[PDB]
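Visitor:
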Amino acid sequence: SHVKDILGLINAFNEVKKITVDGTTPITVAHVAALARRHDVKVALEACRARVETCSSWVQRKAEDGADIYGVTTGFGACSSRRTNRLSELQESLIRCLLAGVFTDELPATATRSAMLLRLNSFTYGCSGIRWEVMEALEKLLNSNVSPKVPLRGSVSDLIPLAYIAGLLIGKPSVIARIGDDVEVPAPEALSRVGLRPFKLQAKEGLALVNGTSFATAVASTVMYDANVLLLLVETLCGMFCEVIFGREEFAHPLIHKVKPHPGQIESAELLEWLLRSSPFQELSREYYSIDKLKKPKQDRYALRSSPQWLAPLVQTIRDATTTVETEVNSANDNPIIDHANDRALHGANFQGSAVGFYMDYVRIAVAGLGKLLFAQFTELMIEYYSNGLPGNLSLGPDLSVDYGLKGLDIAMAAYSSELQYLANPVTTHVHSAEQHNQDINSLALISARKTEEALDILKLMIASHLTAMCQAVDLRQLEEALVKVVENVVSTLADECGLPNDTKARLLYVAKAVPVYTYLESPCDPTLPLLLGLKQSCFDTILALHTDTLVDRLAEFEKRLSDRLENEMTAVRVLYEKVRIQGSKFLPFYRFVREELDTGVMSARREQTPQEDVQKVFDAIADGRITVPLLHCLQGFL
Amino acid sequence: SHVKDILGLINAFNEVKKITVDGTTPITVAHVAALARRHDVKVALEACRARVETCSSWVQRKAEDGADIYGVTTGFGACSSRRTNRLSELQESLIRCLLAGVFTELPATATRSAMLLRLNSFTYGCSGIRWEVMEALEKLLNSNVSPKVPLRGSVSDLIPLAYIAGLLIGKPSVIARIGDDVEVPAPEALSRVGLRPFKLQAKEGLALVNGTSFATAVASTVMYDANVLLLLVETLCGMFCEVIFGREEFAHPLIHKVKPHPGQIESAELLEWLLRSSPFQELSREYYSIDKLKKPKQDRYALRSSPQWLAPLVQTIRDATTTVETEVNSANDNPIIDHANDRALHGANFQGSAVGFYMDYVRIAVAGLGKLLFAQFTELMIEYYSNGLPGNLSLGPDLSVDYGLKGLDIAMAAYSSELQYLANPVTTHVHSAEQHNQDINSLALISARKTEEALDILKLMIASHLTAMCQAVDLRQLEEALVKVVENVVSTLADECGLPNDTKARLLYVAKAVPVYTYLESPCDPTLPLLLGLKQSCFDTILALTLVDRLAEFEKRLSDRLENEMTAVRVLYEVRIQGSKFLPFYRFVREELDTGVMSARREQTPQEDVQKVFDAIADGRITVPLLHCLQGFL
Amino acid sequence: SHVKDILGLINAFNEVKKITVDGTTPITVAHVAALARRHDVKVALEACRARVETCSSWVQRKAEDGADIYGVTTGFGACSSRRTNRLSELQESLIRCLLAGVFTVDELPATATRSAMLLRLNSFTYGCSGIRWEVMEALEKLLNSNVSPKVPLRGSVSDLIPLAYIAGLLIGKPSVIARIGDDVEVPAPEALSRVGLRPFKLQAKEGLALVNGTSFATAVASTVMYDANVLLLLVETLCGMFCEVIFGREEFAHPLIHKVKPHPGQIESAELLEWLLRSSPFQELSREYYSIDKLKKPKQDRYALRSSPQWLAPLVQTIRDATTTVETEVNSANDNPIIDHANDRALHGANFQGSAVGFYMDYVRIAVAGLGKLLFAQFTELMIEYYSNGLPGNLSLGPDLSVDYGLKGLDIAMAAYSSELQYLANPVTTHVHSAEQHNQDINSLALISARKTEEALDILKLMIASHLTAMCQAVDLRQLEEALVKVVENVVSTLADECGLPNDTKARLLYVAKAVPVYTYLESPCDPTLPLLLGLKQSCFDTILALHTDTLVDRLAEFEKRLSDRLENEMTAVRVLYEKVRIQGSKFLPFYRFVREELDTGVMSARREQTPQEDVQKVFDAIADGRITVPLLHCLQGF
Ligand SMILES: *N[C@@H](c1ccccc1)C(F)(F)C(=O)O
Ligand SMILES: *N[C@@H](c1ccccc1)C(F)(F)C(=O)O
Ligand SMILES: *N[C@@H](c1ccccc1)C(F)(F)C(=O)O
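Protein chains in written order, with the deposited numbering: chain C, 9 to 55, 58 to 114, 122 to 174, 178 to 567, 574 to 605, 618 to 677; chain A, 9 to 55, 58 to 114, 123 to 174, 178 to 566, 576 to 604, 618 to 677; chain B, 9 to 55, 58 to 114, 121 to 174, 178 to 567, 574 to 605, 618 to 676.
1) When you compare only the Cα positions, how much space is there between A:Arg106 and C:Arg644?
2) Excluding the 5 residues preceding and the 5 following A:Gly171 in the sequence, name in chain order all residues of the same chain whose CB lies nearer than 6 angstroms to its CB.
3) Could you tell me the alpha carbon to alpha carbon distance between B:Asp13 and B:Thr666, rounded to whole angstroms?
4) The alpha helix (DSSP H) spanning A:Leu53 covers which residue range?
5) What does the alpha-carbon distance come out to for the pair C:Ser463 and A:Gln329?
6) I'd like to know if the segment 523-536 of chain B and the segment 499-513 of chain B are in contact, where contact means that at least 3 CB-CB pairs between them fall below 8 angstroms.
7) Is A:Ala73 close to chain B, meaning its C-beta is less than 9 angstroms from at least one C-beta of that chain?
8) Within 9 angstroms (strictly less), CB to CB, does C:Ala110 reach chain A?
9) Using the Cα positions of B:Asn248 and B:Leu588, report the straight-line distance between them to the nearest angstrom.
10) Are the beta-carbon atoms belonging to B:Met133 and B:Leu53 less than 9 angstroms from one another?
11) At a CB distance below 7 angstroms, what residues from the segment 508-524 of chain C approach chain B? Give them in sequence order.
12) When the Cα atoms are used, what is the spatial distance from B:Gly368 to A:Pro281?
13) Using a beta-carbon distance below 9 angstroms, is C:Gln674 in contact with chain A?
14) In this structure, what does DSSP give as the bridge partners for C:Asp359?
15) What are the uninterrupted segments assigned as alpha helix (DSSP H) that are 4 or more residues long and contained completely in the segment 364-438 of chain A, given in chain order?
16) Apply the 10 Å Cβ neighbour rule to B:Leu410 and answer buried if 16 or more other Cβ atoms are within range, or exposed otherwise.
17) Tell me whether B:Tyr322, by its Cβ, gets closer than 8 angstroms to a heavy atom of ligand 1.
18) CA-CA distance, B:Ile338 and B:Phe21?
19) Within the continuous beta strand (DSSP E) that includes B:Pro165, where are the two ends?
20) Nearest-angstrom Cα distance between B:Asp658 and B:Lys480?
21) In whole angstroms, what is the alpha-carbon distance linking B:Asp246 and B:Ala128?
22) C:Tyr405: buried (16+ other C-beta within 10 angstroms of its C-beta) or exposed?
23) From the DSSP output, in three-state form, read off C:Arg321 for me.
24) Using a Cβ-Cβ cutoff of less than 7 angstroms, which residues in the same chain neighbour A:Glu63 once the five nearest sequence positions on both sides are dropped?
25) Should C:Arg384 be labelled buried (16 or more other beta-carbon atoms within 10 Å of its own) or exposed?
26) Using a Cβ-based criterion (distance less than 8 angstroms to any ligand heavy atom), does B:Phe21 qualify as near ligand 1?
27) Can you tell me the Cα-Cα spacing of A:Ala465 and B:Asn160, whole angstroms?
28) Is any beta-carbon of chain C found at less than 9 angstroms from that of A:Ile431?
29) Could you name the residues of chain A that C:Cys89 contacts, counting a contact when the two beta carbons are closer than 9 angstroms?
30) The beta strand (DSSP E) with A:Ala197 in it runs from where to where?
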């Protein structure tokens, strides 16, 4: 299952200490994300050294002998006609040319350090002709938290942004470098602060430094790591959605999916069946539909019932794109490719980031699809007509005139989904004929990756809101159960006290179980609201069925005492709740994490924290990966 | 002409000191942009006080009498069937509910603009907000105090506007800036400016949030920038004509009279004027008179089709400006209080659809502007299309270690590519929102943000284009001086070697005809075009007529003398622009910004040079050379 | 008001008999549309003949004398360096090379081809082109004889290739096929033969003059803009009909709301709507509806109605502004070079660039998507009982709703229509390729854009047809509703008397009869679990308590039993009778009367044999062929 794969990714992200780069051990997207986000993670370049020196020595030797080789004894790009024996100055001129970005905004340090690792990895294959020593310098800069400041834009995929890494290595004074989060110094000073001296570029070295896909793939790696975690988070929370909305778990039955066997359909449903088996909320759901069965929907709306079919292509896109991105991480993306064993330089296009670009477009569409699912679920949850007993906007009230609940989060979810759908148009359809028409196809992979990343930022917001709304719903469902029991108690005991016959008592107790408590919580004894309406109906029917002056007297008394006692008793239990079925739920880790670890409570006019303050905490734990602890606790035992 | 209107906008932006907000005087996109960007610009709220207090008094009194008015004695949005007499509590619960954004922010410029636009809406006397709240808004604006507001959450501007209301009522969770250096909770910010937290009266929560102030705020600075960058692009089309050796006839008035799209006539009229007595157009005429029948009859589209192309772009940007200003000067609020007729009117003036739709159109027009720049830049970089200029505008002379503006060229493709992507519409992604109450919504703030991102890219593209054109000016000027040397060296050496008149004429024609940048790298290289032509001539002069000895001696003396004298004038160089209308631009970039001709001998990177030009564009210093260049156009 | 302008367009389209083509009288989008769609409409070329002949002889002389002029003594496009004295062969070679379309048949329709021939003929009258007058006469004759070349759909970046087929017809190319009327296709030489024409031999500049125009893009844009104006006015108008059926509050259109936010399209649409709804018999019912249980019902309408003027504003402005732009292009010399024979120069420019039309086509497609979304939102409210203020879900008459799903099929199709429409509204203009050996490094793509906007308008017609059909259903449901409520009242009133109930009981019961939405219990009026008997039971119990006996209870039980006997019979009778009025006082009467009487339809139900397709097809056909303008004009009479 993809579920097990994603769990392995989260484990690797958490547990990796050294990233070994040796030209043989694969670097995964978890490794890239770990390097970028966890400062205790170090790069260990293992001495493929012989292969590198061999390649490097071949290049220098051949260049000096006057061999004809692109970008070493030849001009660059559309200028490959121009030959030269000015080996170093040819390389320096390229870097000077490519230091051509503008600060408007920058590629963040996380992406720049990731790009550095990716470039370093490419070099390990022994095809590039770069000096081993430059590789050691990359390792040292990576482990010392040194990275150049890089302009956001200018790559069609990543000459310009990689030129800043080359600019660092040769100590260009105009190249500003970061050391940790605050220090910014010129490149020479930065090299000095970490025990390095500027390099003088040898044959092919300028080009080797710049002629890769390191930036597009760096962003695509963290994008894919996040896509995997958030995918699993959304699949998992579909079960939590089912629990609070009173869904029918049958939607995830294995025969339905065996019979329409998209791998992502089978796998998501398998997860969901397991999550909802033995659920105490599904137990309540079954109870709910047994009361007035033929007045209630036979099936759920699509946002739940159709989730495994919806998720299927989304699962598959995110999983296949991960593979594609990792193939690029672990490639010699460079040109020429030096085939030193066979004494030749091979002329190709390994710098072309098209596999990443196209998959970035696809993933952005899948992410939009995840957002739409979240939006549809959130929309059902806010509307009384579709929420099977829950109050509109998940407003606790009881005074709804001064409690609009999660209406602000509802509006925001629409704004999120809308921008997310816009973002999901492709970048790859906008290929311009570039660089004196030499680059007449180009991948735009970094631009695409950047947009998929922005889409995932919005998805995090939507997940944060959704999970916050669902924790509200858990509290509302547990309070609902407790309040219905109080109503039943009060109605039952007042029926006894008033000497009402069994017929009357049976009718009144049915109304107490049947009518949704949130339709009358605001004013429980309001003769205009559903509880008294149902009770008055039953009282007329009891009179007719039993048909007298004694009975009417007693029913009038039952009503006076209900008016005296019921509201206080409902207030007592709600005030107590404010100051249990989730305990048997597989989503307990999520609820406990949000309520206890993050320190939140049921949202109402009495809790002084704003919706912002609640959702911000949940968002921050999604953003910084702490959300994976309750996720992993929730899924332990599965397969 | 729109050119006058845009110059009027630039002047207003530069000259405004006080923005009077009085319920009658229009606020323009220049006023808004000036407030946002110039800290010395102050708001002056003019005591329209009478109509504010009447409206305010009417709302509170009716609400206390128990009149049934939406959002004053009723629930909000889809909850409008719930009635209540809890007047202040109703308003407070709205703000609480709307403090629902997340920091993953809208900038201070946008926030202050939103504050001004809300204050402006209130002056029309339809909102029922207290005058005192308006005074607090004016004081907050002049004191540089602004709430920190989350970027996202509006479908257009409830959530972002709730942070301004949060500040005004002293919500502890709301953080305010005081200048650029201070951040404090809202109550502390109010304290430091001598204000007390407000207690919301009837309709006051809703009045503060029920506007289009953030969408319209971002759209105002978007439109100011779009006008200025539009004029800049149109103007620079003329500089492009000059450096590329274009034919100015493309801007002839009859061509456009006969296809009279207003943007087409007006842009062409500007271009005709810019190029009228051009020294560079004089060179262009000289260039095409040499081997006339081996050279293009017409320019390629990026120049020749520029007025036709600019036409819808001018018109879209002009029309969108009108629309945005109408919104700036509107009572965007609901209910609308018609106190003169004793009624509250229920409608949808909070709906930012005029702004949203026009934001979609302008982003498409900005993409069209970027495409034009990209096409022009591409031509400039390719020797086949640049009429004598070297590839990548590389000075060399050693082209093997000078790749010129190739970096900038690649970047231009990246800029255009992302720009074209951005220009898809936001307005087609309408979701049925807020318990299906908001089943149409404008998404205007989101659209405005994307158009703003598009303009950021356009600024990058303009900075690059202008920088290349300055490079190209230097290269055209060097070219003229180099050709004169070649001619002089050829002429004097022909004399010394005592060659016949037949010979001297053939060689001097070659010296005038072959483009100098084809052979600058190695002037006497026998495989390069100068000596190729010279050898052709020498064979022809032999067929047409010792003579051989005098020709071989010529070729040896040229081989010794020429490159040295070419290097001399080049090194000296390291003028026609003095007579050009684009002199202010060249002088601005070269002298004021302190730059020079780009080459391997210049230590400054392309980044360093383009950054200065970009910064001047971003901060509006570029309008000085722009206004000088346009001086006298009417 | 734009309303006056559009009514003007419609009048002109219906009334024009001859389109005068004279070089100074403007051709409007209505004239183009009338030529394309009404075959009795004729072209009249008015002998401008002088300046034309001056121009063509000027060009011929200059060319013969060897003057250097692009495309006359010069190669084309990127080949303009090449000179030639081969005047006719040059023009012949252009046409041969431009005959390069492929039939996939998909083709530009005859309507667009004939419109394009008109527009080319028009450009020529300005006397800048150098075409012979006799070629112009030939074009007039082909137009008046209904002869058109068959033109491949694609190939233009805007209209060399498509226009080459008109040129191919004129010179008698055997490979060019021509239509004569609707039933005949013959090769070009035979088509010319049949209308008394001989093949032309191209003179200097004539091949180029024929092909170097924006004729096809502008032809499709003209009929697009004509349709966009009509459909816009229709949508605006039908917003008023929506208010009437949905029980809206006409206040949303009050002139002060819009004076205070004065976007011209906002004021003008609201002005129309205020007028349409003033003194409305349906608005009278709406006012009564909200006066009953006032405080249980929404204070404001949802956005699809109340925000319609604000939504329409930019849509109106875009469509009106694009009409001007397109008409400026229709009335232009789109050709190059432009011959200024007065001053003996050929001016070299780019009037063939269709950018003005291209960019506006993109804007209008966006505006049309906005119109679709407005209809989709309104339609959605109408289908949902929770938002329709008493109307049954899906506008199902029933009464047995288990076998009548009403307009659910139309509801589903409306989502399918809107979805594709929103997709179409992405820009074409952002996809500029550097074309024609990099000569055309900007190009408008106007024809491609115009085609997409036309497709968008096809879908909008479908949506309007559905929306109008639904609102006529709703009219019937509202009128039946009023009749049914009066019967319930009468039966309850008289039965209360006859059962000897007290006056306070009678009054309580009559309140229930007035207040309960009849469509909530029509299925089974005396079902004890449905809202009528629910309210009656509550009222009966309250009566017993208030007057608190055995006689009262007997009479109340009798009342319930007898209502159970009579009410359904009476309700069935008035419904059956209705299937066998306030619309008569409504400004929308001509729409209802057009759809019901002239198109021969009825209330939709399980008893009507016609499918929704059959009903919507008729309305769609009427929208497509302009018959819908008849009730539009009647409705708007006096505005
Ligand atoms: N990636 C291309 C290039 C273009 C300009 C400067 C450096 C590199 C290339 F295709 F030419 C290549 O390096 O192979
Ligand atoms: N703008 C809408 C609204 C919705 C929720 C909270 C505040 C405001 C509205 F349509 F209902 C309105 O204010 O008119
Ligand atoms: N429209 C262009 C052209 C290109 C190829 C064949 C005919 C015409 C042109 F720009 F070159 C022109 O005709 O002006």
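Built from N, CA and C at the ideal position, the CB exists for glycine as well.
Guide: The answer reads as follows:
1) If you number the second sequence from 1, residue 106 of chain A lands on position 96. If you number the first sequence from 1, residue 644 of chain C lands on position 606. Taking the straight line joining both Cα atoms gives about 11 angstroms.
2) The sequence position of residue 171 of chain A within the second sequence is 153, counting from 1. Excluding residues within five positions, the ones whose Cβ falls inside 6 angstroms are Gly111, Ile180.
3) If you number the third sequence from 1, residue 13 of chain B lands on position 5. If you number the third sequence from 1, residue 666 of chain B lands on position 629. Their Cα atoms are separated by approximately 14 angstroms.
4) As a first step, residue 53 of chain A is located in the second sequence; it is residue number 45 there, counting from the start. Here A:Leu53 belongs to no alpha helix (DSSP H); instead the beta strand (DSSP E) covers 50-53.
5) Sequence index remark: in the first sequence, residue 463 of chain C carries index 443 (1-based). Sequence index remark: in the second sequence, residue 329 of chain A carries index 308 (1-based). Cα to Cα, C:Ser463 sits roughly 31 angstroms from A:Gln329.
6) yes
7) Here residue 73 of chain A refers to the residue found at position 63 when the second sequence is read from its first residue. Output row for A:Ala73: interface = no.
8) For this step, residue 110 of chain C is matched to residue 100 along the first sequence. C:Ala110 counts as touching chain A.
9) For this step, residue 248 of chain B is matched to residue 229 along the third sequence. For this step, residue 588 of chain B is matched to residue 563 along the third sequence. Their Cα atoms are separated by approximately 54 angstroms.
10) Indexing the third sequence from 1 puts residue 133 of chain B at position 117. Indexing the third sequence from 1 puts residue 53 of chain B at position 45. No, the Cβ-Cβ distance between B:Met133 and B:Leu53 is not below 9 angstroms.
11) none
12) Residue numbering aside, residue 368 of chain B sits at position 349 when the third sequence is read from its first letter. Residue numbering aside, residue 281 of chain A sits at position 260 when the second sequence is read from its first letter. Whole-angstrom Cα-Cα distance: 14 angstroms.
13) In the first sequence, residue 674 of chain C corresponds to position 636, counting from 1. With 9 angstroms as the cut-off, C:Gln674 does not count as an interface residue toward chain A.
14) Here residue 359 of chain C corresponds to residue number 339 of the first sequence, with the count starting at 1. C:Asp359 pairs with C:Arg364.
15) 374-402
16) Residue numbering aside, residue 410 of chain B sits at position 391 when the third sequence is read from its first letter. B:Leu410 should be labelled buried.
17) The residue labelled residue 322 of chain B in the question sits at position 303 within the third sequence. No; taking the cut-off as 8 angstroms, the Cβ of B:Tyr322 has no heavy atom of ligand 1 nearer than that.
18) The count along the third sequence starts at 1 and reaches residue 338 of chain B at position 319. The count along the third sequence starts at 1 and reaches residue 21 of chain B at position 13. The alpha-carbon atoms of B:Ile338 and B:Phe21 are separated by roughly 18 angstroms.
19) Against the third sequence, residue 165 of chain B aligns to sequence position 149. Unbroken beta strand (DSSP E) run through B:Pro165: 163-165.
20) Locating residue 658 of chain B in the third sequence gives position 621, counting from the first residue. Locating residue 480 of chain B in the third sequence gives position 461, counting from the first residue. Answer to the nearest angstrom: the Cα atoms are 9 angstroms apart.
21) Stepping through the third sequence from its first residue, residue 246 of chain B is reached at position 227. Stepping through the third sequence from its first residue, residue 128 of chain B is reached at position 112. About 14 angstroms.
22) Here residue 405 of chain C refers to the residue found at position 385 when the first sequence is read from its first residue. With fewer than 16 Cβ atoms within 10 Å of its Cβ, C:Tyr405 is classed as exposed.
23) Here residue 321 of chain C is taken as the residue at index 301 of the first sequence, counted from 1. C:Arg321 falls in the coil class under three-state DSSP.
24) In the second sequence, the residue the question calls residue 63 of chain A occupies position 53. Within the same chain, A:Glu63 has close Cβ partners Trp149.
25) The residue labelled residue 384 of chain C in the question sits at position 364 within the first sequence. Buried: at least 16 other Cβ atoms inside 10 Å.
26) Numbered from its first residue, the third sequence carries residue 21 of chain B at position 13. Incorrect: B:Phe21 has no Cβ contact closer than 8 angstroms to ligand 1.
27) Taking the second sequence and counting its residues from 1, one reaches residue 465 of chain A at position 444. Taking the third sequence and counting its residues from 1, one reaches residue 160 of chain B at position 144. Each residue's alpha carbon lies about 49 angstroms from the other.
28) As a position in the second sequence, residue 431 of chain A is number 410, starting the count at 1. Interface residue, yes.
29) Your numbering for residue 89 of chain C matches position 79 in the first sequence. Result: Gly412, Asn413, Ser415, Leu420, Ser421, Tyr424, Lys427.
30) On the second sequence, residue 197 of chain A is found 176 positions in, with the first residue counted as 1. 196-199 is the extent of the beta strand (DSSP E) around A:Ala197.
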